[PDB]
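**Student:** Experimental coordinates follow, after the sequence.
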Amino acid sequence: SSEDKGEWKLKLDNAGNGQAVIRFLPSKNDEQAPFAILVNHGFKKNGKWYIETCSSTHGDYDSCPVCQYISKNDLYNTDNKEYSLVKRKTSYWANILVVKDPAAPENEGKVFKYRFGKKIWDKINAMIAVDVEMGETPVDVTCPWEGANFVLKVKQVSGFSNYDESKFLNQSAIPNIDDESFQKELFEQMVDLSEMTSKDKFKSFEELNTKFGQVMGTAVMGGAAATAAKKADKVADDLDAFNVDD
Amino acid sequence: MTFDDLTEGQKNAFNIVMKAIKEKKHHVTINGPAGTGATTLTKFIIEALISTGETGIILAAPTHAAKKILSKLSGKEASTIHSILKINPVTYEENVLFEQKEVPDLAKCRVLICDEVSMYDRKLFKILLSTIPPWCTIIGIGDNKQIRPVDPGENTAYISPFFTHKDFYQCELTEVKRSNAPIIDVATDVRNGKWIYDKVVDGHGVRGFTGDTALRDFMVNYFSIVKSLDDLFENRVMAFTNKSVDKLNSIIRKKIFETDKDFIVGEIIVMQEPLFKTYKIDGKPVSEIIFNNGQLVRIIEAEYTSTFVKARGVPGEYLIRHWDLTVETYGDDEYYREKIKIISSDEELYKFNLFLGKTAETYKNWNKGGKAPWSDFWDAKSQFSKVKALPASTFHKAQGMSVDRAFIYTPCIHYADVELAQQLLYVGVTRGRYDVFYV
DNA sequence: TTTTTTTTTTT
Ligand SMILES: [Zn+2]
């Protein structure tokens, strides 16, 4: 699951499908920190793994060895297949107040943290920004009087969670909004994501450099041994062919 | 002889070497690379020490083969660390570790000489210090570019505390920077971190093989150099995985002598573990070591047979097909004529591992009374060792082995850490004393 | 994020 780490996730059906109804949380601190955006390069190779953050999240392309090696070789076109395997992944995080969850009725009426993907962020951006001409003025889902809850619906297509069907709803007042204690009761359920944004990011670039080195060898721009990594692929297959040559 | 008359790095170390004895008590490790000639400098410190008459030194080599050639060239006898420290195993079900019987005082040993100090592991490291007395002074030789030990339980930087600043101050060795040697200057670049490049003098040097058919071309070049020569003592091919080596010995065996055999009579093989002649004794039998790990041996007779194994508490005996090869001592060690049972089938090997697990399932919680038949555990477990043919060994298992010509196979290395890949290199390059080819 | 998706090597 995910709840033990403190983050809610969906109880997937046999098809992997799932429906749930939740309301969001505004900004934990005043005039700042409504939400969060996480960047993480994630890949698996040689059985070795890498799942850690990126400092280019705050624009520091330099304090990340996974960022630098791209710019030296421009893998985006130099080796785009290798580029996609390792490229930075953008994670969006927010607090959530659950309303209805038939997959797990215990999850209802409670608040969590959560990470999602970018299409929703465009739709979140598409929902929040509306013109004045379409009568419907823009709406904040976290607004106490104007905000809206939203229902997530996902099906699997070729092993991918698809969300193209998602639709939003009207505004909604939140019941018991005039009680400080009911607010406080839920307010402690709110957590501050800005703490995750402070100086928690690894300052030691050389430490990150060491771990991938243990994860994988080769790939040195000034060393140019990465060509030998290109070359190594041929030899294993060449080894297979020479085995029957016996 | 020449006595005090060498280079600054050679002169500086010995004076500091004396200082550790002379100034307070201190322990030092030296990062001598190859070619820097700290072995030649060590020869003098051998000579200089005899005039003082100190016997507190002990000649220690971590491996038997390094101790053998150390004793052979120097002429002075050296002992194994397992004898020096009486490390005795402890039979448990989950894990098992050789363990020193007691902390000795090491009174007669007032100075300590060690080799290949990178190899000794950190968990063992803490135990040894208490065993070591203050008056004894520790002298260590090793390369930071030498290969580190493998710890399945912990994957970390794990630099040998010999190489960690807090334990004690030490000094590195300078090197004859320039010389008319292509490989070492390439090896200098190898220690620097440049990728391998071919450099040749008089037709001999570092040589590369490139292109689509490079391997087959390198293979015919491999075939060209080797031919049907039965003397590979100076021809050592090295690869990391034993998977690759297994397919090699399969193919390679058929090449030199015209037989399709997994193993044929008359083959030369090397131990992968020491050979103990175990006797049943209270506590732990220290047994008698017959063949050391790394000992070369000549096969006397070769045959593939089967043997039924029966465990008390397990009904009946269980047949396992293996190789029953008889082998004799090859080398300068004590001569012994022996015969071993050895399994060389993946089908049988997984069959072998399964028996252990049922025996593991039953022995960990046995209670029909009594204790447990573990005398039939090791007697059945120790009947078979694991050894591999001479031509190829792992870069781990090729360390120390100085041969004339080395052929190098790189591709499987990417699963290893970067620093290890360079430490394999240094060690790998140092295996070829005369020449090296690289594909 | 659907999930730490490969090695052997020491007494
Ligand atoms: Zn990055």
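**Tutor:** Perfect, thanks for sending it. Numbers count the residues shown, from 1 in each chain, chains lettered A, B, ... in the order given.
**Student:** In chain A, which residue is most central in space?
**Tutor:** residue A:91 (2.1 Å; Cα atoms, centre = their mean).
**Student:** Not counting residues beside it along the chain, what's closest to that one?
**Tutor:** residue A:38 (3.6 Å; Cβ to Cβ, 6 or more residues apart in numbering or on different chains). No exception for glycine: its C-beta is placed from N, CA and C like everyone else's.
**Student:** my hunch is that that neighbour is in a strand, does that hold up?
**Tutor:** Yes - assessed by DSSP: H, G, I helix; E, B strand; the rest coil, residue A:38 belongs to a strand.
**Student:** That one contacts residue A:88, correct?
**Tutor:** No - applying Cβ atoms under 8 Å, one finds residue A:38 not in contact with residue A:88, separated by 10.1 Å.
**Student:** give the contact list for residue A:109.
**Tutor:** By Cβ atoms under 8 Å, 6 or more residues apart in numbering or on different chains, the contact list for residue A:109 reads A:97, A:98, A:99.
**Student:** on that earlier part again, quick check: the residue nearest to the centre of chain A vs DNA strand C, distance?
**Tutor:** Distance, residue A:91 to DNA strand C, by Cβ to the nearest atom of the strand, to the nearest Å: 6 Å.
**Student:** helices and strands around the helix or strand that contains that residue, which ones?
**Tutor:** For residue A:91, the element it lies in under DSSP states H and E is strand A:88-100. Where contact means 3 or more Cβ pairs under 8 Å, 6 or more residues apart in numbering or on different chains; DSSP states H and E, strand A:88-100 is packed against strand A:18-24, strand A:36-45, strand A:111-116, helix A:118-128.
**Student:** now the angle between strand A:18-24 and the shortest one, please.
**Tutor:** Computed by axes from the mean of the first three to the mean of the last three Cα atoms, to 10 degrees, the angle separating strand A:111-116 from strand A:18-24 equals 120 degrees.
**Student:** on that earlier part again, residue A:114 versus the residue nearest to residue A:91, what's the distance?
**Tutor:** 11 Å (Cβ to Cβ, to the nearest Å).
**Student:** do the same with residue A:39
**Tutor:** 17 Å.
**Student:** Let me see the contact set for the residue in chain A positioned nearest to DNA strand C.
**Tutor:** Nearest residue of chain A to DNA strand C (Cβ to the nearest atom of the strand) works out as residue A:47 at 2.0 Å. By Cβ under 8 Å, 6+ apart, the contact set of residue A:47 is residue B:415.
**Student:** let's see 10 Å
**Tutor:** A:215, B:415 (Cβ atoms under 10 Å, 6 or more residues apart in numbering or on different chains).
**Student:** Buried residues in the top helix by length along chain A, which are they?
**Tutor:** In chain A, assigned by DSSP state H, the helix with the most residues is helix A:226-244. Neighbour counts over helix A:226-244 (16 or more other Cβ atoms under 10 Å in any protein chain shown) mark A:226, A:228, A:229, A:231, A:232, A:235, A:238, A:239 as buried.
**Student:** Can you verify my assumption that the third one contacts residue A:235?
**Tutor:** If I follow you right, that is residue A:229. No - distance between residue A:229 and residue A:235: 11.1 Å, which falls outside the contact criterion (Cβ atoms under 10 Å).
**Student:** overlap in contacts of these two?
**Tutor:** B:410, B:411.
**Student:** And the strands in the stretch 151-300 of chain B?
**Tutor:** B:200-201, B:204-205, B:235-238, B:268-271, B:276-277, B:288-289, B:296-301 (DSSP state E, counting those that start in this stretch).
**Student:** Could you list the paired strands of the fourth one along with their orientation?
**Tutor:** Strand B:268-271 pairs in its sheet with strand B:296-301 (antiparallel), strand B:387-389 (antiparallel), by DSSP bridges.
**Student:** Which parts of the chain belong to which domain?
**Tutor:** You didn't pick a chain, so chain A it is. According to automatic domain parsing, chain A comprises the domains A:3-215, A:218-246.
**Student:** could you do chain B instead?
**Tutor:** Under the assignment CATH domains of a matching chain, the domains of chain B span B:2-17+B:19-178, B:179-258+B:390-439, B:259-389.
**Student:** Give the residues shared as contacts by residue A:38 and residue A:88.
**Tutor:** Common neighbours of residue A:38 and residue A:88 (Cβ under 10 Å, 6+ apart) are A:53, A:54, A:57.
**Student:** Show the contacting residues for the first one.
**Tutor:** So the one you mean is residue A:53. With Cβ under 10 Å, 6+ apart, residue A:53 has these contacts: A:38, A:39, A:40, A:41, A:64, A:88, A:91, A:196, A:200, A:201, A:202, A:208.
**Student:** The fifth one touches residue A:52, doesn't it?
**Tutor:** What it means is residue A:64. Yes - Residue A:64 lies in contact with residue A:52 (Cβ under 10 Å); the separation is 9.4 Å.
**Student:** Pick out whichever of the two has more residues nearby.
**Tutor:** Using other Cβ atoms under 10 Å in any protein chain shown, the more surrounded residue of residue A:64 and residue A:52 is residue A:64, with 24 against 15.
**Student:** any idea how far the more buried one lies from residue A:76?
**Tutor:** Applying Cβ to Cβ to residue A:64 and residue A:76 gives a distance of 16 Å.
**Student:** Repeat that for residue B:349.
**Tutor:** When residue B:349 is compared with residue A:76 (using Cβ to Cβ), they lie 46 Å apart.
**Student:** tell me, how many neighbours does residue B:234 end up with?
**Tutor:** Residues near residue B:234, counting by other Cβ under 10 Å: 16.
**Student:** next one: residue A:172
**Tutor:** Residue A:172 has 15 nearby residues by other Cβ under 10 Å.
**Student:** quick one, what contacts the closest residue to it other than its chain neighbours?
**Tutor:** With sequence-adjacent residues excluded and distances taken as Cβ to Cβ, 6+ apart, residue A:172 is closest to residue A:148, at 5.2 Å. Counting by Cβ under 10 Å, 6+ apart, residue A:148 touches A:23, A:24, A:127, A:139, A:140, A:141, A:142, A:168, A:169, A:170, A:171, A:172.
**Student:** ok and the residue in the stretch 1-150 of chain B nearest chain A?
**Tutor:** Nearest to chain A, among the residues of the stretch 1-150 of chain B, is residue B:148, at 11.5 Å (Cβ to the nearest Cβ).
**Student:** All set, thanks.
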